[PDB]
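Below is one structure, written out as structure tokens; the observations come after it.
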Amino acid sequence: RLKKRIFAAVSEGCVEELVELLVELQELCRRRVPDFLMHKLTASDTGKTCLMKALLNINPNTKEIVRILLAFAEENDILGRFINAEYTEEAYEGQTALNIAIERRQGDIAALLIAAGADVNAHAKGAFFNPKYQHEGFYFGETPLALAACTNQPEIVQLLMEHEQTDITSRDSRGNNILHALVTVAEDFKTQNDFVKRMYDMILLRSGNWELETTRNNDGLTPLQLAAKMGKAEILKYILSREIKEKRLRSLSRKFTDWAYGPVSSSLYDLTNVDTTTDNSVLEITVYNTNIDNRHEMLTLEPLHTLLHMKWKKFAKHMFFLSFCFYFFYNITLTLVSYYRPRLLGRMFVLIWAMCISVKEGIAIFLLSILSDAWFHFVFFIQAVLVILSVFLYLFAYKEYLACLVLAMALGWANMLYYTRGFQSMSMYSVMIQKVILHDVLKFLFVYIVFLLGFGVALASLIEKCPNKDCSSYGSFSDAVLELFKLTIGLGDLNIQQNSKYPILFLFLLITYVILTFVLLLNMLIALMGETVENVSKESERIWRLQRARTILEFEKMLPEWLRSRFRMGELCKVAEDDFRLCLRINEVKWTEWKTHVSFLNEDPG
Amino acid sequence: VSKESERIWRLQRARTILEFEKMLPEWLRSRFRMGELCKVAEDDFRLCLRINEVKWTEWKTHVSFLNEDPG
Amino acid sequence: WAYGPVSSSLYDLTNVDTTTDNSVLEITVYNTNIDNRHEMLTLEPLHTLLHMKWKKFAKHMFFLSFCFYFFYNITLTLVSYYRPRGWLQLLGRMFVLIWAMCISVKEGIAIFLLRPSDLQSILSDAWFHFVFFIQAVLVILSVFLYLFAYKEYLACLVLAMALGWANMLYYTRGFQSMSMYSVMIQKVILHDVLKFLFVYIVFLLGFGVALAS
Amino acid sequence: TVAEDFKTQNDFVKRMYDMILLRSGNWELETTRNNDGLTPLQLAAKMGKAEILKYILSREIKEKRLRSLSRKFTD
Ligand SMILES: COc1ncnc(OC)c1C(=O)Nc1nc(C(F)(F)F)c(-c2ccnc(C(C)(C)C#N)c2)s1
Ligand SMILES: COc1ncnc(OC)c1C(=O)Nc1nc(C(F)(F)F)c(-c2ccnc(C(C)(C)C#N)c2)s1
Ligand SMILES: COc1ncnc(OC)c1C(=O)Nc1nc(C(F)(F)F)c(-c2ccnc(C(C)(C)C#N)c2)s1
């Protein structure tokens, strides 16, 4: 047939004479109308046309070939639905020839196709271009502008934005516009040369306006909140501290120096969607999202760090010390009620406070990874439940209340860790609350149960029924399991006299058990110690900073509306003709970048 | 031993896979027999295995094909 | 195929995919005179061939191997605990006996064609053929000594149960997480615990003679 | 008073100190006491400007005329 011949002549490109003669033959067959021409000019299995197959296979003679193809399509008044054709397969649906021309870094042919009238809003709405998860498919933004900006082709991005029909505010299937897409594709500093920062700045300045940055995708996130959700520390550092000095695009900045005199410089940072006064700010998302493992570097950014420090030093230090004091006196009263138990009028101060915790942490659990952040919610709730249960059992005629009361006292003294985590002495607890939490200890427990059960059977089997202390504490299976457990708990004793027909085999298996349990214990030991003390101190400091931020936000959530408005970090500042956006002032001193100061809001510093 | 674990796991895994594949009956092996025929040249027709690799650290351009239409 | 960071390539499997006399896969896997297999079993065609063989049949064959050994070990434990000190007990004992004979012939065949330089490293899979064979031999020997009028069948039975539960480490080295855990455990034991135990037995015997005299 | 460190200033205050001290070649600048009685050297001692103090305490002018401004004389 002629379809395969045209496709081969257009993919191989060894000479355009083959495709010229084949197109002459095709026109001859057509003279004997548009649907037939393109049904024979496309591949019915995918919807691909000769133009896509020509651009998918770039060869030293492909520009002339696409020129020939477009000339033949325009000479038949079909170029409209031929240059705008798109795939039909489920995986690559929506992909057109301009996507392929840009993905092949062919700028000249791309300009050719845009001049010929290829619509520049073609959304590659396929399951390959909108992957369920990354690393299975290629998500760039489902648009020729997003594809030109994601593949680092600023020439084509200029060619696309200078066009007339381009939609810079176009939103793809995922709800993302160009800026969300740039945020998702951006990875790092020197991994791919950090061109996405350049493209972000260029696309935001070219369309100088706040609509691209205030647009929410289908998850209700803006490009800034989307950089906060993921761990895009570089794009977040750029957007947050973004200083444009062009006189017309100054209102696009998020940081405004107003003060510089010499090395001293007082800058303002913008706190609109950043300072926890809205639905979910960069602060909220950066602090509470436990899916990046990069909060160590994102909570030290320019406005966020000082915002956390200010909230702390303003009210969270006081609220935290007050709650620590209240829990400390709660625990002291609990200890004195547990010591002077009736084997004395304040025995109720505990109860009330218990119920308070019982509801507070209770509600705190009802509103929701969740064993590293919310652990203390569960332990405080369990402690309060134990206390109220001890009281209920004490006023009833139960003598089992002492167990719960002593357990509650002990668990409260253990919960005292939540308040002392950055104290360099409760460091190992505050760090093994995370590594030992889930997987490090359950493997040990499984292997230890296997050891215990197997060796219990092996040792109980070796023992002979005897006339009723039996001369053997390894009698039934339960007695051997108990002896072995007591052994790994240093509560036991090795006797070479256990009333066995094979005492040497019994001794061998007992010592084998001892040594194997010691190996398991040593594994868990070197696991939870894992010293590298520089790095473990990094880990403890990082955990303290993260929990400090988390509790700062928890404490800010507790205050009423009026107290929150009275704390309310951020001075109102005019930054443009009429902008008046709440900012946060940061004074700095730099003795290295000596420059004449031409960007400032106030000419008289102070 | 952090990595030595992966080394020993990979070696034991490969040896287990190969001995299991040897244990099967010849018709079962013929049934599984990963790899599909593919015409490479005028008459080449070799058993090729298609591997799709996504490397997200890519900075280059590709222009070649055997069936340009993505599968 | 390549479009962006994606690339669908077509590798050749002519003398590679284990359908010839000795392919690159079988040679790369079975040759233990190099100590470079860790780097060669990661090349794209061999890597994906092993992955697909796994997914297709070897995952299931391995899980069935593990399940059969697990239930054989459980029945061995049950006949060791409930020993005589014949309705269904002897059914289970005949299960463990025929399965011990099967395991013994299998691992003995594997040992016969087990070339040296496989046993070069202690943390190597080749070593397991020996412990599986020893345990199956202990089981059949205990059944032989129990059919006769011997008392020492219990030592062999308990040793066989203990060695089977130890041999489950071969299967825990086949799963992925349990691979790292079990290899760490077995490294600790076979390398450091044995050296320390040699020098510590020296200490024990010396100071025991010293304090006893 | 203005000198900070090397990681923050790259040591230009030492160079400006040398320049302004040589161009006005006389002990009137180094023997002057502020409203605390501190000379520039005692002031560099009081606030721990270790780089400025190291410069002043061992300052050797090899020029023949400005050698009386030296504090260390390699002979
Ligand atoms: C700063 O710590 C303290 N300071 C002064 N006094 C204290 O107790 C009187 C304490 C203290 O930690 N007490 C505790 N109580 C309990 C409870 F089980 F009862 F909940 C503790 C507990 C809970 C869960 N797993 C364990 C382990 C794994 C270690 C075991 N086994 C221990 S720990
Ligand atoms: C998952 O492990 C288990 N789960 C449940 N039950 C079990 O045993 C009842 C087991 C188990 O490990 N059993 C074992 N059997 C034996 C054998 F000596 F017989 F070979 C073991 C052995 C072999 C060589 N060197 C030692 C050391 C160095 C430690 C000494 N001394 C111990 S260990
Ligand atoms: C034959 O003994 C074993 N075989 C195999 N494995 C074993 O442990 C894994 C063991 C064993 O002795 N275990 C132990 N457990 C505990 C406990 F912490 F629970 F109390 C032990 C204990 C008891 C009392 N005073 C301490 C001091 C203060 C010295 C400390 N530290 C530790 S000792």
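Just so it is clear, none of the values below were taken in a lab; they were calculated from the coordinates. Virtual Cβ from ideal backbone geometry, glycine too; neighbours counted across all protein chains shown.
What to note about this one:
- With respect to the conditions (1) facing chain C (nearest Cβ under 7 Å); (2) farther than 22 Å from C:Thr19 by Cβ, B:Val63 lacks only one, and its number is (1).
- Per the conditions (1) within 16 Å of ligand 1 (Cβ to nearest atom); (2) touching a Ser or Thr at 6+ places or on another chain (Cβ under 7 Å); (3) β-branched (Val, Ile, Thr), the sole criterion not satisfied by A:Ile463 is (1).
- In the condition set (1) crowded, with 19+ Cβ neighbours inside 10 Å; (2) of a type in the set (A, V, I, L, M, F, W, C); (3) in a loop (DSSP other than H, G, I, E, B); (4) away from chain C (no Cβ under 14 Å), A:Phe140 is compliant with all but (4).
- Filter pass, A:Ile58 being within 27 Å of A:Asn177 (Cβ to Cβ) and hydrophobic (A, V, I, L, M, F, W, C): no
- Checklist (1) within 16 Å of ligand 1 (Cβ to nearest atom); (2) within 20 Å of C:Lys151 (Cβ to Cβ) applied to A:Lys486, failing item: (2)
- Which listed residue is over 17 Å from C:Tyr171 (Cβ atoms), surrounded by fewer than 17 Cβ atoms within 10 Å (Cβ to Cβ) and within 13 Å of another protein chain (Cβ to nearest Cβ), from C:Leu114, C:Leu88: C:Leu114
- Hits in the range B:24-43 - residues which are part of a loop (DSSP other than H, G, I, E, B) and surrounded by 11 or more Cβ atoms within 10 Å (Cβ to Cβ): B:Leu24, B:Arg33, B:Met34, B:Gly35, B:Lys39, B:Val40
- Within the range A:357-380, residues that are small (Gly, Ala, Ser) have Cβ atoms under 6 Å from residues that are away from ligand 3 (no atom under 16 Å from the Cβ) and part of a loop (DSSP other than H, G, I, E, B) in these pairs: A:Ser369/A:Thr290, counting only partners at least 6 apart in sequence or on another chain.
- Condition broken by B:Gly71, with the remaining ones in (1) more than 23 Å from A:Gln95 (Cα to Cα); (2) facing chain C (nearest Cβ under 8 Å) satisfied: (1)
- All positions within the range A:399-431 that are within 12 Å of ligand 1 (Cβ to nearest atom), among the aliphatic types (A, V, I, L, M) and farther than 10 Å from A:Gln383 by Cβ: A:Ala403, A:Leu405, A:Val406, A:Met416, A:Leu417, A:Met426, A:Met428
- Count of residues meeting criterion [surrounded by fewer than 20 Cβ atoms within 10 Å (Cβ to Cβ) and not charged (D, E, K, R)] in the range C:147-160: 6
- If the condition is being more than 7 Å from chain B (Cβ to nearest Cβ), more than 22 Å from the chain's Cα centre (by Cα) and surrounded by fewer than 18 Cβ atoms within 10 Å (Cβ to Cβ), then the range C:37-60 contributes C:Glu39, C:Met40, C:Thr42, C:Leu43, C:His47.
- For the range B:14-23, a tally of residues being facing chain C (nearest Cβ under 7 Å) and either surrounded by fewer than 17 Cβ atoms within 10 Å (Cβ to Cβ) or under 30 Å from C:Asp192 (Cα atoms) (or both) returns 3.
- Failed item, numbered, when A:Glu361 is tested on (1) under 30 Å from A:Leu525 (Cα atoms); (2) among the charged types (D, E, K, R); (3) crowded, with 18+ Cβ neighbours inside 10 Å: (1)
- Candidates A:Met355, A:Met409, A:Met348, filtered to the one that is farther than 26 Å from A:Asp440 by Cα, surrounded by fewer than 15 Cβ atoms within 10 Å (Cβ to Cβ), away from chain C (no Cβ under 14 Å) and away from ligand 3 (no atom under 16 Å from the Cβ): A:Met348
- Test: A:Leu487 is within 14 Å of another protein chain (Cβ to nearest Cβ), in a helix (DSSP H, G or I) and within 16 Å of ligand 2 (Cβ to nearest atom): no
- In the range A:496-525, residue nearest to the other protein chains (Cβ to nearest Cβ) [restricted to those that are in a loop (DSSP other than H, G, I, E, B) and either surrounded by 13 or more Cβ atoms within 10 Å (Cβ to Cβ) or within 9 Å of ligand 3 (Cβ to nearest atom) (or both)]: A:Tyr502
- Test: residue in the range A:469-476 that is within 16 Å of ligand 3 (Cβ to nearest atom), away from chain C (no Cβ under 14 Å), of a type in the set (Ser, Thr, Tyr) and more than 30 Å from A:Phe376 (Cα to Cα): yes
- Scanning the range A:39-91 for residues that are under 17 Å from B:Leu66 (Cβ atoms) and touching a strand residue (DSSP E or B) at 6+ places or on another chain (Cβ under 9 Å) gives A:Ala43, A:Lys48, A:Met52.
- Yes/no for A:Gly456 being farther than 30 Å from B:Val1 by Cα, assigned to a helix (DSSP H, G or I) and either more than 13 Å from chain C (Cβ to nearest Cβ) or under 50 Å from the mean Cα position of the chain (by Cα) (or both): yes
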